[PDB]
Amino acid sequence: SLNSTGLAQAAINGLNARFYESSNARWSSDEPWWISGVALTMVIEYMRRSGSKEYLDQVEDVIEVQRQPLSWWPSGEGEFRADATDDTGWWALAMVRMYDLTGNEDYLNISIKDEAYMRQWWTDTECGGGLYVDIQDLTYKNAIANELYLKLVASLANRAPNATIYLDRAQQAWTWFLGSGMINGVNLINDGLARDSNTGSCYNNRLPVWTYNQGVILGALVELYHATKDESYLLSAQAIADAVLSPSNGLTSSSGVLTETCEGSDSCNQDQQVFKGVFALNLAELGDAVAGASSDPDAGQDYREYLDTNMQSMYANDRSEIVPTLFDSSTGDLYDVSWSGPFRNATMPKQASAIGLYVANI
């Protein structure tokens, strides 16, 4: 059988061999900065679930350089405060995991600065609540910036000294999210909200169902469960996960493999290429919480088998190896976007997603 710890570490090595820039303490400067945050999350999570510390020095290097004032958003004053609330949220959650890994309060402090910064763009005066994604524009309240925020405040309610302010925020933010209409009639989440021209009212914009918008929300509800021990949060999460797993909604193929809506047309762009592994990692958080919350030994079995089915398909059909040479002895695995379709080329977002799936299985 497959060793998910072995393959996660081979995929991180492939990630580093092809995409890490030592001079920049970052992966692929030609790819979006927020996806370096996701990749960092994936490496941190590998180390947490497996018990290894073989990438801790590198992670520390990336954090030290990427927490500097960003050259494209100096008014954020660094600490990952960026020109979009979702970019900030990806790094904030990575600093929550770093804290979980190390116990070092410095990482939790960054997460707390990031929550206060994102909150600046929460308004109650449009859509009854939620935050904007686009800090310079203030035109779009979307699913992912609001899921990241919700998962951040819920995480802080379990970890921060002023825990009860964060719990109140997370409970409010979840009430808002649920009432927004982004969760649609099959319990899947569309891309965001549109605003009515004459009336100011907000409604589900019916833009695509992206896998990472079915995933970050599960981590948030898991943290809400841990903050309250109220199983209602796990029941909502399981309804959203069960909808992804259902072939009738088209995110799961007849072969059982998680499939981005853009794959069929070979049109997944640099953002969409990372989406699936973010879902996988969050589905593993939900599986762990469900199985822990009950005495049934089959509890969470369906999520565990789903992740395992996907891992076997991705390893068998989507994987490629770096050619070792007489000089560069580096060894790792490389991955394309489709967890079932063929390997044609690796990119850093595709690779980060692949590590996510393996770490979900550790």
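We call the rigid core the largest set of C-alpha positions that still match within 1.5 Å between the two forms. Heads up: residue numbers just count along the shown sequence, starting at 1.
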{"property": "Stretch with greater C-alpha deviation in 6 other deposited structures of this protein, 325 to 333 versus 312 to 320 (rigid core superposition)", "result": "325 to 333"}
{"property": "Mean C-alpha B-factor comparison - 80 to 88 and 261 to 269, higher one", "result": "261 to 269"}
{"property": "Entry-level comparison of average CA B-factors, 107 to 115 and 286 to 294, reporting the higher stretch", "result": "286 to 294"}
{"property": "Options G185, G215, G277, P247 - largest CA temperature factor per the record", "result": "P247"}
{"property": "Highest-ranked of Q66, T41, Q58, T325 once sorted by CA temperature factor in the record", "result": "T325"}
{"property": "Cα B factor band for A163 (lowest, middle or highest third within the chain)", "result": "highest"}
{"property": "Third of chain Cα B-factors occupied by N190", "result": "lowest"}
{"property": "CA B-factor placement of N205, once the chain's modelled residues are sorted into thirds", "result": "lowest"}
{"property": "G256, C-alpha B-factor rank within chain (lowest, middle or highest third)", "result": "highest"}
{"property": "Entry-reported Cα temperature factor of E126, expressed as the chain third it lands in", "result": "middle"}
